[PDB]
Amino acid sequence: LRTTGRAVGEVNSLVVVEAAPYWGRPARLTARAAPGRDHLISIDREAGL
Amino acid sequence: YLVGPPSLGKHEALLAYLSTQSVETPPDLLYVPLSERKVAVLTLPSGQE
Amino acid sequence: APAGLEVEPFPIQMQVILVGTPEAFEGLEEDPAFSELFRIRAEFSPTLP
């Protein structure tokens, strides 16, 4: 995880972990803006069916 | 009925407040067999048991 | 048994030192009743300085 410099579309988002002892911590979040479908896909929730 | 988040000491404080109240001579409770199979709940003045 | 033996409560004095994997206590830490009893986590890491 980088706490210095710049990057495009990349953010060190904060979240509290409950799959671990209760604590806040950052994780790298990546956004891909790709010309194509008008639909927005979030794979971290969507898994099909 | 008392509602509140846990670890609030509801039982302890409730008991502490209840212990300060006064009720005049709660009658002694007893069972009286009206037959071989029938039992009736009876109340009596204290000391009449 | 025609009639069991009734054990009245007593003020406990023991120190319960549970042992388990971090995942083992993850199934118990979810309820708030575990926290109001236990405040002491003896934490072991798989790494040392």
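Residues numbered from 1 in each chain as written, not as in the entry; some residues may be left out. Chains lettered and ligands numbered in written order. Part of a larger assembly, values for the part shown. Heavy atoms only, no water.

Judging from the entry metadata, cryo-EM is the method by which this structure was determined, and 3.46 Å is the reported resolution.

The next thing to look at is the overall build of chain C. Scanning chain C for helices and strands turns up 2 helices and 0 strands. For chain C, the exposed surface amounts to about 5,200 Å²; the carbon and sulfur share of it is 64%. (Helix = DSSP H or I, 4+ residues; strand = E, 2+ residues; numbered from the N terminus. Areas by Shrake-Rupley, 256 points an atom, 1.4 Å probe, with all protein chains shown as cover.)

So, on to a nonpolar patch on the surface. Together, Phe10(C), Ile12(C), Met14(C), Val16(C) and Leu18(C) make up an exposed nonpolar region whose accessible area comes to about 520 Å². Within the secondary structure layout, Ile12(C) lies in the segment before α1 (22-29). (Patch = residues over 30% accessible without salt bridge, like charges linked within 9 Å, V, L, I, M, F, W, Y side chains within 5 Å. Salt bridge = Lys/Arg side-chain N within 4 Å of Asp/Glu carboxyl O.)

All names here are of chain B. Counting through the fold element by element, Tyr31 comes out in strand β1 (residues 28-33). Along the primary structure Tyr31 and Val41 are separated by 10 residues, whereas in three dimensions their C-alpha atoms are 5.0 Å apart. Look past the residues within four positions of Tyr31 in its chain and what remains in contact with it is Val39, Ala40 and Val41. (Contact = heavy atoms within 4.5 Å.)

The next subject is the side chain of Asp28(B). All names here are of chain B. Counting through the fold element by element, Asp28 comes out in strand β1. One buried charged residue, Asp28, forms no salt bridge at all, with the nearest opposite charge on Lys38 at 25 Å. Excluding residues within four positions of it along the chain, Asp28 makes contact with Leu42, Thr43, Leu44, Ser46, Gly47 and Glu49. (Buried < 20%, exposed > 50% of the residue type's maximum accessible area, 1.4 Å probe, protein only. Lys, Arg positive; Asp, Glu negative; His and termini not counted.)

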